[PDB]
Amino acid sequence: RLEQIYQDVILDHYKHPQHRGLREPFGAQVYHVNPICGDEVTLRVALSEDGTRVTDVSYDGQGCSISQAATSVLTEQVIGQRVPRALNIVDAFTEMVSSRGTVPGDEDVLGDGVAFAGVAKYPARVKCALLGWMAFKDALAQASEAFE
């Protein structure tokens, strides 16, 4: 069907969301809201003892299938990764969803992330998809500042 936008990976993460619920420890906490009125997230990032790897992404808040599925998929891609590799994946995701139909995304880099390719064609919903990703980007930058 012409949804397509609503891919099985997206419905799957919405029904069965990964890493939901704020956990401790954490090194920074952020609160982000969709410019499109109706989605929000509180998101925590914990870093390793040496500050080099993301050990946890925990979050809460309410939103649409696309905002909540995007945030679940984020946590799957980024937890246990080197900070620079986490940063690269966020850039890859942002480039794909922001491209209109133009960038398919690389599944080696994004994993289930590429399922959000269909959203690019619907620019109002791109903001739904980005909420948790830009929230993680904020919280990561803050957690790395915290570290030193």
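All residue numbers are counted from 1 along the displayed sequence.
inquiry  = Quick check on the record: does 63-71 or 93-101 carry the larger mean Cα temperature factor?
reply    = The stretch with the larger average C-alpha B-factor is 93-101.
key: Entry-level comparison of average CA B-factors, 121-129 and 135-143, reporting the higher stretch   = Of 135-143 and 121-129, the stretch with the higher C-alpha B-factor average is 135-143.
query = If you rank every modelled residue in this chain by C-alpha B factor, which third holds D56: lowest, middle or highest?
reply = Its C-alpha B-factor, which the entry lists for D56, ranks in the middle third among residues of this chain.
ask   = Going by the entry, which third of its chain does the Cα temperature factor of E49 land in?
value = For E49, whose C-alpha B-factor we compare with every modelled residue in the chain, the answer is the middle third.
Third of chain Cα B-factors occupied by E40 = Its C-alpha B-factor belongs to the middle third of this chain's values.
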